[PDB]
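Below is one structure, written out as C-alpha cells; the observations come after it.
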Amino acid sequence: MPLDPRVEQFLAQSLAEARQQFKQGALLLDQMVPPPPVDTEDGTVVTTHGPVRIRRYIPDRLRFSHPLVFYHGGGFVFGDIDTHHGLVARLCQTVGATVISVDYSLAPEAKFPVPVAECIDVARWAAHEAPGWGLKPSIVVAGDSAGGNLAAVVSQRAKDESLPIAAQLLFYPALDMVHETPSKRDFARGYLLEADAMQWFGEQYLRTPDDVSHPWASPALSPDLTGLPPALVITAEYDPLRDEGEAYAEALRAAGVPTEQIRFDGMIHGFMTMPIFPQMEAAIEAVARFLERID
Ligand SMILES: COC(=O)c1ccccc1C(=O)O
Ligand SMILES: COC(=O)c1ccccc1C(=O)O
Ligand SMILES: COC(=O)c1ccccc1C(=O)O
C-alpha cells in the first residue's frame with residue numbers, strides 16, 4: 001500500500017529518437033531479467049488497412065485451448081513485438097498458450113481508428129486459424145494500457161463483427177479519454193505515465209479532439225456491457241488510469257459479465273513489462289489461474 005520498495009528505487013532512477021529510446025529501455029530491463037526461451041514464428045496478416053506484422057509464440061507444452069491475441073501498449077505511438085517480448089514469452093510459457101503478438105500501425109502515421117480495425121482483423125484471422133492449430137475457434141484478447149484499450153474495444157465489437165472471443169485480459173488499460181478520475185488527478189505526475197504524455201498521445205492518435213467521446217476510443221462509455229467476454233482487469237494502485245480500469249471492471253460485473261478485478265498495491269503503471277518487479281510474474285500467474293476458469 002506504501003509504494004513498493006523496488007518501484008521507489010526505480011522511479012528515483014524527435015519521434016524516431018523517442019521510439020528508439022523507449023525500445024532501448026525495454027531491452028535494458030530484459031537484459032537485467034532475461035525472458036524464458038520460447039519458440040516463435042513471424043508472419044504477416046492481411047488486414048483492411050494493410051499488412052500487419054505478427055509473432056506467434058508456441059509454448060513448450062500446450063495447456064490452454066484458445067489462442068491469445070496480444071496487443072502491445074505504448075500510447076498508440078510507441079512499442080513493438082520486441083518491447084513486449086518479456087511479457088508475451090512468459091504469458092506463453094506460464095499459461096501454456098499460443099500467443100499472437102501484434103504490431104498494429106502506430107500513430108501519428110496512422111490515426112484512430114485504424115489500429116482498432118487492424119486488431120479486429122487479426123483476431124478474426126486467429127479464430128479462423130485456431131482449428132488448424134488444434135485449438136478452439138474462440139480467442140482470448142489481451143493488452144497493456146493502449147493495448148488494453150484495443151483489447152476492450154475488440155471485445156465490445158466482437159458480436160457485431162461475428163468474432164468469437166472467449167475472454168478479455170486488460171492490463172492497466174486506458175478506457176476513458178473523456179473523464180478526469182481521482183487517480184488521473186492524484187497520480188498525474190511522477191509515476192512514469194504522466195498527464196502531459198497522455199495529452200500528447202491523444203494529439204498523435206486522435207483525428208480531432210471530439211474523437212475522445214467515440215466508443216471505439218473510449219469503451220468505458222458504452223451504455224450496455226451485457227454479454228461481453230469474461231474479463232480480467234488488472235490495475236496498479238499508483239496509476240492515473242487506475243480508477244477508469246476499476247470502474248470498468250465494476251460495470252462489467254454489474255452487467256453480469258464474469259469479471260476478476262485485481263489491484264496490485266504499491267505498484268505503478270507498466271509493471272507487467274518491468275521484470276525487475278516480482279509483481280509482473282505474480283500478475284502473469286493471475287492470468288493463468290483466471291484462464292483455468294474459462295471454458
Ligand atoms: C519491431 O518489430 C518486430 O520486432 C517484429 C517482429 C516480428 C514480426 C514483425 C516485426 C515488425 O517489424 O513489426
Ligand atoms: C501509457 O500506457 C501505454 O500504453 C504506454 C505509453 C508509453 C510507454 C509505454 C506504455 C506501456 O504501457 O508499455
Ligand atoms: C496510454 O494511452 C493513453 O494514455 C492515451 C493515448 C491516446 C489517447 C488517449 C489516452 C488516454 O487514456 O487519455
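Please note that chains go A, B, ... in the order of the C-alpha cells, that every chain numbers its residues from 1, and that ligands are numbered from 1 in the order shown.
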
May I ask you to write as an mmCIF file with N, CA, C and O atoms, in the first residue's frame all residues lying at most 8 Å from ligand 2, with only C-alpha atoms and all ligand atoms counted?
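File written: result.cif
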data_model
loop_
_atom_site.group_PDB
_atom_site.id
_atom_site.type_symbol
_atom_site.label_atom_id
_atom_site.label_comp_id
_atom_site.auth_asym_id
_atom_site.auth_seq_id
_atom_site.Cartn_x
_atom_site.Cartn_y
_atom_site.Cartn_z
ATOM 1 N N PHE A 22 12.577 4.487 -26.032
ATOM 2 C CA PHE A 22 11.617 3.592 -25.397
ATOM 3 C C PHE A 22 12.073 2.136 -25.618
ATOM 4 O O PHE A 22 12.119 1.331 -24.699
ATOM 5 N N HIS A 72 0.229 -4.800 -27.853
ATOM 6 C CA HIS A 72 1.167 -4.096 -27.003
ATOM 7 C C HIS A 72 0.677 -2.678 -26.724
ATOM 8 O O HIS A 72 -0.018 -2.064 -27.535
ATOM 9 N N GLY A 73 1.089 -2.146 -25.566
ATOM 10 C CA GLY A 73 0.843 -0.774 -25.184
ATOM 11 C C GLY A 73 1.955 0.134 -25.707
ATOM 12 O O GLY A 73 2.835 -0.296 -26.440
ATOM 13 N N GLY A 74 1.897 1.410 -25.260
ATOM 14 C CA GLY A 74 2.821 2.434 -25.726
ATOM 15 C C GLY A 74 2.129 3.680 -26.236
ATOM 16 O O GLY A 74 2.712 4.383 -27.036
ATOM 17 N N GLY A 75 0.916 3.948 -25.721
ATOM 18 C CA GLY A 75 0.191 5.156 -26.025
ATOM 19 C C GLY A 75 -0.285 5.288 -27.466
ATOM 20 O O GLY A 75 -0.723 6.368 -27.828
ATOM 21 N N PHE A 76 -0.247 4.187 -28.244
ATOM 22 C CA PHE A 76 -0.585 4.100 -29.658
ATOM 23 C C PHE A 76 0.530 4.641 -30.550
ATOM 24 O O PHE A 76 0.378 4.601 -31.775
ATOM 25 N N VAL A 77 1.634 5.056 -29.932
ATOM 26 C CA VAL A 77 2.731 5.754 -30.616
ATOM 27 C C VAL A 77 4.034 4.946 -30.546
ATOM 28 O O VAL A 77 4.878 5.009 -31.488
ATOM 29 N N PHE A 78 4.234 4.270 -29.397
ATOM 30 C CA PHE A 78 5.462 3.564 -29.110
ATOM 31 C C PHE A 78 5.197 2.061 -29.000
ATOM 32 O O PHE A 78 4.065 1.622 -28.955
ATOM 33 N N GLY A 79 6.288 1.301 -28.940
ATOM 34 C CA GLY A 79 6.238 -0.121 -28.632
ATOM 35 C C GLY A 79 6.227 -0.981 -29.885
ATOM 36 O O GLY A 79 5.816 -0.527 -30.925
ATOM 37 N N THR A 83 9.434 -4.906 -27.693
ATOM 38 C CA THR A 83 9.348 -4.227 -26.401
ATOM 39 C C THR A 83 8.491 -5.072 -25.442
ATOM 40 O O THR A 83 8.674 -4.977 -24.259
ATOM 41 N N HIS A 84 7.553 -5.873 -25.955
ATOM 42 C CA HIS A 84 6.588 -6.617 -25.147
ATOM 43 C C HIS A 84 6.947 -8.097 -25.055
ATOM 44 O O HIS A 84 6.218 -8.852 -24.418
ATOM 45 N N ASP A 144 -1.833 -4.362 -22.739
ATOM 46 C CA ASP A 144 -1.440 -3.461 -21.691
ATOM 47 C C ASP A 144 -1.708 -2.034 -22.125
ATOM 48 O O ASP A 144 -1.297 -1.647 -23.193
ATOM 49 N N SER A 145 -2.357 -1.267 -21.240
ATOM 50 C CA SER A 145 -2.557 0.172 -21.414
ATOM 51 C C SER A 145 -3.290 0.467 -22.716
ATOM 52 O O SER A 145 -4.438 0.073 -22.824
ATOM 53 N N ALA A 146 -2.610 1.108 -23.717
ATOM 54 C CA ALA A 146 -3.181 1.358 -25.049
ATOM 55 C C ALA A 146 -3.580 0.055 -25.694
ATOM 56 O O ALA A 146 -4.620 -0.017 -26.353
ATOM 57 N N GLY A 147 -2.828 -0.990 -25.403
ATOM 58 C CA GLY A 147 -3.162 -2.326 -25.930
ATOM 59 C C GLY A 147 -4.393 -2.925 -25.257
ATOM 60 O O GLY A 147 -5.113 -3.711 -25.865
ATOM 61 N N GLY A 148 -4.601 -2.547 -23.995
ATOM 62 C CA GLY A 148 -5.750 -2.922 -23.202
ATOM 63 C C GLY A 148 -6.987 -2.226 -23.768
ATOM 64 O O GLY A 148 -8.094 -2.780 -23.801
ATOM 65 N N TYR A 172 -3.867 -2.785 -16.848
ATOM 66 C CA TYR A 172 -3.949 -1.331 -16.610
ATOM 67 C C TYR A 172 -4.346 -0.624 -17.906
ATOM 68 O O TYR A 172 -3.607 0.222 -18.447
ATOM 69 N N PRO A 173 -5.570 -0.911 -18.434
ATOM 70 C CA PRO A 173 -5.981 -0.330 -19.720
ATOM 71 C C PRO A 173 -6.333 1.165 -19.589
ATOM 72 O O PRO A 173 -6.756 1.622 -18.519
ATOM 73 N N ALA A 174 -6.212 1.873 -20.717
ATOM 74 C CA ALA A 174 -6.851 3.151 -20.986
ATOM 75 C C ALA A 174 -8.242 2.910 -21.562
ATOM 76 O O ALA A 174 -8.351 2.251 -22.606
ATOM 77 N N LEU A 193 3.798 7.136 -16.163
ATOM 78 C CA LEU A 193 2.801 7.630 -17.109
ATOM 79 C C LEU A 193 2.296 8.969 -16.561
ATOM 80 O O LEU A 193 1.759 9.008 -15.452
ATOM 81 N N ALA A 197 2.148 13.485 -21.124
ATOM 82 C CA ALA A 197 2.326 12.480 -22.151
ATOM 83 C C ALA A 197 0.971 11.969 -22.676
ATOM 84 O O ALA A 197 0.812 11.755 -23.866
ATOM 85 N N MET A 198 0.001 11.695 -21.787
ATOM 86 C CA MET A 198 -1.312 11.206 -22.182
ATOM 87 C C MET A 198 -1.987 12.193 -23.138
ATOM 88 O O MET A 198 -2.610 11.811 -24.124
ATOM 89 N N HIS A 269 1.922 2.081 -13.106
ATOM 90 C CA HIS A 269 1.600 1.773 -14.485
ATOM 91 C C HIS A 269 2.811 1.089 -15.108
ATOM 92 O O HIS A 269 3.936 1.503 -14.855
ATOM 93 N N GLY A 270 2.565 0.041 -15.920
ATOM 94 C CA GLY A 270 3.603 -0.514 -16.770
ATOM 95 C C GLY A 270 4.282 -1.733 -16.145
ATOM 96 O O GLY A 270 5.177 -2.299 -16.764
ATOM 97 N N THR A 273 5.437 -5.184 -17.876
ATOM 98 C CA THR A 273 6.538 -5.247 -18.791
ATOM 99 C C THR A 273 7.827 -4.768 -18.079
ATOM 100 O O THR A 273 8.793 -4.350 -18.736
#

Could you give me, as a PyMOL selection string, every polymer residue with an atom at most 10 Å away from an atom of ligand 1, counting only C-alpha atoms and all ligand atoms? chain A and resi 23+40-44+52-56+79-85+101-105

Long-range neighbours of residue 264 in chain A as a JSON list (two decimals) with C-alpha atoms, in the first residue's frame, 7 Å cut-off, only C-alpha atoms, 4 positions minimum in chain:
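Result file follows (around27.json):
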[["chain", "number", "residue", "atom", "x", "y", "z"],
["A", 235, "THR", "CA", -4.75, -2.29, -12.18],
["A", 236, "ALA", "CA", -1.83, -0.65, -10.40],
["A", 237, "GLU", "CA", -2.54, 1.35, -7.22]]

Please determine, counting only C-alpha atoms, which residue among A:215, A:129, A:241, A:169 has the shortest atom-to-atom distance to residue 183 in chain A.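 Ranking A:215, A:129, A:241, A:169 by distance to residue 183 in chain A, first place goes to A:241.
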
Mind checking which residues fall within 8 Å of residue 252 in chain A, counting only C-alpha atoms, ignoring those fewer than 4 positions away in the same chain, and posting them as an MDAnalysis selection string? chainID A and resid 225:226 228 231 248 256:259

Residues just named, written with N, CA, C and O atoms as a PDB file, in the first residue's frame:
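Once everything was written out, this is result_8.pdb:
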ATOM      1  N   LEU A 225     -23.026  -3.290 -21.430  1.00  0.00           N
ATOM      2  CA  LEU A 225     -21.877  -4.203 -21.379  1.00  0.00           C
ATOM      3  C   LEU A 225     -22.334  -5.646 -21.225  1.00  0.00           C
ATOM      4  O   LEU A 225     -21.494  -6.536 -21.027  1.00  0.00           O
ATOM      5  N   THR A 226     -23.652  -5.873 -21.324  1.00  0.00           N
ATOM      6  CA  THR A 226     -24.195  -7.227 -21.179  1.00  0.00           C
ATOM      7  C   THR A 226     -23.628  -8.126 -22.287  1.00  0.00           C
ATOM      8  O   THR A 226     -23.457  -7.692 -23.444  1.00  0.00           O
ATOM      9  N   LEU A 228     -20.717  -9.348 -22.788  1.00  0.00           N
ATOM     10  CA  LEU A 228     -19.333  -9.183 -23.184  1.00  0.00           C
ATOM     11  C   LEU A 228     -18.490 -10.350 -22.679  1.00  0.00           C
ATOM     12  O   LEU A 228     -18.882 -11.070 -21.766  1.00  0.00           O
ATOM     13  N   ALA A 231     -13.822 -11.259 -18.175  1.00  0.00           N
ATOM     14  CA  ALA A 231     -12.786 -10.213 -18.075  1.00  0.00           C
ATOM     15  C   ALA A 231     -11.900 -10.350 -16.857  1.00  0.00           C
ATOM     16  O   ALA A 231     -12.391 -10.464 -15.723  1.00  0.00           O
ATOM     17  N   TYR A 248     -14.600   0.314 -14.905  1.00  0.00           N
ATOM     18  CA  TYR A 248     -14.999  -0.577 -15.977  1.00  0.00           C
ATOM     19  C   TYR A 248     -15.204  -2.025 -15.479  1.00  0.00           C
ATOM     20  O   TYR A 248     -16.171  -2.681 -15.846  1.00  0.00           O
ATOM     21  N   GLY A 256     -23.343  -8.524 -15.402  1.00  0.00           N
ATOM     22  CA  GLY A 256     -23.406  -9.979 -15.392  1.00  0.00           C
ATOM     23  C   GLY A 256     -22.258 -10.662 -16.130  1.00  0.00           C
ATOM     24  O   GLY A 256     -22.320 -11.880 -16.322  1.00  0.00           O
ATOM     25  N   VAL A 257     -21.251  -9.879 -16.551  1.00  0.00           N
ATOM     26  CA  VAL A 257     -20.053 -10.432 -17.162  1.00  0.00           C
ATOM     27  C   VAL A 257     -19.154 -11.028 -16.078  1.00  0.00           C
ATOM     28  O   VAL A 257     -18.856 -10.359 -15.097  1.00  0.00           O
ATOM     29  N   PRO A 258     -18.718 -12.304 -16.219  1.00  0.00           N
ATOM     30  CA  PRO A 258     -17.753 -12.902 -15.289  1.00  0.00           C
ATOM     31  C   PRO A 258     -16.468 -12.072 -15.267  1.00  0.00           C
ATOM     32  O   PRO A 258     -15.823 -11.901 -16.297  1.00  0.00           O
ATOM     33  N   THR A 259     -16.132 -11.512 -14.116  1.00  0.00           N
ATOM     34  CA  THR A 259     -15.123 -10.459 -14.044  1.00  0.00           C
ATOM     35  C   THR A 259     -14.201 -10.762 -12.861  1.00  0.00           C
ATOM     36  O   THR A 259     -14.664 -10.945 -11.747  1.00  0.00           O
TER      37      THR A 259
END

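Neighbours of residue 15 in chain A closer than or equal to 12 Å, with only C-alpha atoms counted and sequence neighbours fewer than 6 positions away skipped, come out as residues 21, 22, 77, 78, 106, 107, 108, 109, 200, 201 and 204 of chain A.
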
To test your reading of the structure, identify every residue in range 102-271 of chain A that backbone DSSP assigns to helix (DSSP H, G or I), and report it as a ChimeraX atom specification. /A:114-133,146-157,182-186,195-205,209-213,219-221,242-254,271

Using only C-alpha atoms, which residue out of A:220, A:171, A:205, A:45 lies closest to residue 263 in chain A?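 Checking each of A:220, A:171, A:205, A:45 against residue 263 in chain A, counting only C-alpha atoms, the winner is A:171.
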
Contact residues around residue 34 in chain A with only C-alpha atoms at 10 Å, ignoring same-chain residues under 5 positions, as a VMD selection string: chain A and resid 27 to 29 86 275 to 276

Store the residues of this selection in a file with N, CA and C atoms, as a short mmCIF file (atom, residue, chain, number, x, y, z; two decimals), in the first residue's frame.
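Output file again-v5.cif follows:
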data_model
loop_
_atom_site.label_atom_id
_atom_site.label_comp_id
_atom_site.auth_asym_id
_atom_site.auth_seq_id
_atom_site.Cartn_x
_atom_site.Cartn_y
_atom_site.Cartn_z
N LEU A 27 14.71 -3.11 -23.68
CA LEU A 27 15.79 -4.06 -23.83
C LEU A 27 16.64 -4.14 -22.54
N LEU A 28 16.96 -2.97 -21.94
CA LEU A 28 17.73 -2.89 -20.69
C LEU A 28 17.12 -3.81 -19.62
N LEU A 29 15.82 -3.68 -19.42
CA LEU A 29 15.10 -4.46 -18.41
C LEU A 29 15.11 -5.94 -18.76
N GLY A 86 9.15 -9.70 -23.34
CA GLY A 86 9.38 -10.17 -21.96
C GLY A 86 8.07 -10.65 -21.31
N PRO A 275 10.30 -6.55 -15.62
CA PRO A 275 10.57 -7.81 -14.95
C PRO A 275 11.49 -7.65 -13.76
N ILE A 276 11.99 -6.41 -13.49
CA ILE A 276 12.63 -6.09 -12.24
C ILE A 276 11.67 -6.16 -11.05
#

If we count only C-alpha atoms, what is near residue 291 in chain A at a cut-off of 12 Å, once residues fewer than 3 positions away on the same chain are taken out, given as a PyMOL selection string? chain A and resi 63-68+91+94-97+139-142+166-169+230-232+258-260+284-288+294-295

If you keep N, CA and C atoms, can you produce a file of those selected residues as a compact mmCIF listing (two decimals), in the first residue's frame?
# COMPACT_ATOMS: atom_id res chain seq x y z
N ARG A 63 -1.30 -26.06 -22.90
CA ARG A 63 -2.22 -26.46 -21.83
C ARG A 63 -3.52 -25.67 -21.88
N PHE A 64 -3.62 -24.71 -22.79
CA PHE A 64 -4.79 -23.85 -22.87
C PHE A 64 -5.36 -23.91 -24.28
N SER A 65 -6.69 -24.02 -24.38
CA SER A 65 -7.27 -24.50 -25.63
C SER A 65 -7.71 -23.34 -26.54
N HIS A 66 -7.37 -22.10 -26.20
CA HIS A 66 -7.68 -20.98 -27.05
C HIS A 66 -6.40 -20.22 -27.37
N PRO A 67 -6.26 -19.68 -28.59
CA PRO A 67 -5.17 -18.76 -28.84
C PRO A 67 -5.43 -17.43 -28.14
N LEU A 68 -4.34 -16.83 -27.69
CA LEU A 68 -4.30 -15.47 -27.17
C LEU A 68 -3.84 -14.57 -28.31
N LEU A 91 3.79 -15.08 -20.69
CA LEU A 91 2.39 -15.45 -20.84
C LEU A 91 2.26 -16.79 -21.57
N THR A 94 3.91 -19.62 -19.28
CA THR A 94 3.27 -19.83 -17.96
C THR A 94 1.83 -20.31 -18.15
N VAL A 95 1.10 -19.71 -19.08
CA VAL A 95 -0.26 -20.18 -19.35
C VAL A 95 -0.22 -21.52 -20.12
N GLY A 96 0.84 -21.73 -20.91
CA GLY A 96 0.86 -22.82 -21.90
C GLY A 96 -0.14 -22.58 -23.04
N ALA A 97 -0.05 -21.37 -23.64
CA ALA A 97 -0.98 -20.86 -24.66
C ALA A 97 -0.16 -20.46 -25.86
N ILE A 139 -11.11 -16.84 -29.34
CA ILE A 139 -9.82 -16.29 -28.93
C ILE A 139 -9.91 -15.53 -27.59
N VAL A 140 -8.74 -15.38 -26.96
CA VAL A 140 -8.57 -14.52 -25.81
C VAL A 140 -7.79 -13.29 -26.25
N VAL A 141 -8.38 -12.12 -26.10
CA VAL A 141 -7.67 -10.87 -26.41
C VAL A 141 -7.08 -10.32 -25.13
N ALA A 142 -5.96 -9.65 -25.31
CA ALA A 142 -5.17 -9.17 -24.20
C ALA A 142 -4.36 -7.93 -24.64
N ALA A 166 -13.47 -15.61 -26.26
CA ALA A 166 -13.76 -16.35 -25.03
C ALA A 166 -13.45 -15.54 -23.76
N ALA A 167 -12.51 -14.57 -23.83
CA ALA A 167 -12.21 -13.73 -22.70
C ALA A 167 -11.37 -12.53 -23.15
N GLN A 168 -11.28 -11.56 -22.22
CA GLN A 168 -10.52 -10.32 -22.41
C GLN A 168 -9.66 -10.08 -21.17
N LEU A 169 -8.36 -9.87 -21.40
CA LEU A 169 -7.38 -9.61 -20.38
C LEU A 169 -6.87 -8.17 -20.50
N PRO A 230 -15.88 -12.72 -20.69
CA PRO A 230 -15.30 -12.76 -19.35
C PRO A 230 -14.00 -11.98 -19.29
N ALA A 231 -13.82 -11.26 -18.17
CA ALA A 231 -12.79 -10.21 -18.07
C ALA A 231 -11.90 -10.35 -16.86
N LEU A 232 -10.59 -10.24 -17.12
CA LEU A 232 -9.63 -9.99 -16.06
C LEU A 232 -9.12 -8.58 -16.27
N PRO A 258 -18.72 -12.30 -16.22
CA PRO A 258 -17.75 -12.90 -15.29
C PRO A 258 -16.47 -12.07 -15.27
N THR A 259 -16.13 -11.51 -14.12
CA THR A 259 -15.12 -10.46 -14.04
C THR A 259 -14.20 -10.76 -12.86
N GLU A 260 -12.90 -10.76 -13.05
CA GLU A 260 -12.00 -10.72 -11.91
C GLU A 260 -11.21 -9.40 -11.95
N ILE A 284 1.19 -12.45 -14.09
CA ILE A 284 1.13 -13.48 -15.14
C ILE A 284 0.53 -14.79 -14.58
N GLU A 285 0.80 -15.09 -13.30
CA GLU A 285 0.19 -16.22 -12.62
C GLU A 285 -1.30 -15.99 -12.52
N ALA A 286 -1.67 -14.73 -12.24
CA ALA A 286 -3.10 -14.36 -12.14
C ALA A 286 -3.80 -14.71 -13.47
N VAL A 287 -3.13 -14.41 -14.57
CA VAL A 287 -3.68 -14.68 -15.87
C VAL A 287 -3.91 -16.19 -16.03
N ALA A 288 -2.90 -17.00 -15.69
CA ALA A 288 -3.04 -18.45 -15.87
C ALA A 288 -4.18 -19.02 -15.03
N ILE A 294 -11.91 -20.49 -17.58
CA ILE A 294 -12.58 -20.29 -18.85
C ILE A 294 -12.80 -21.65 -19.47
N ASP A 295 -13.97 -21.81 -20.09
CA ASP A 295 -14.19 -22.93 -21.00
C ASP A 295 -13.82 -22.53 -22.45
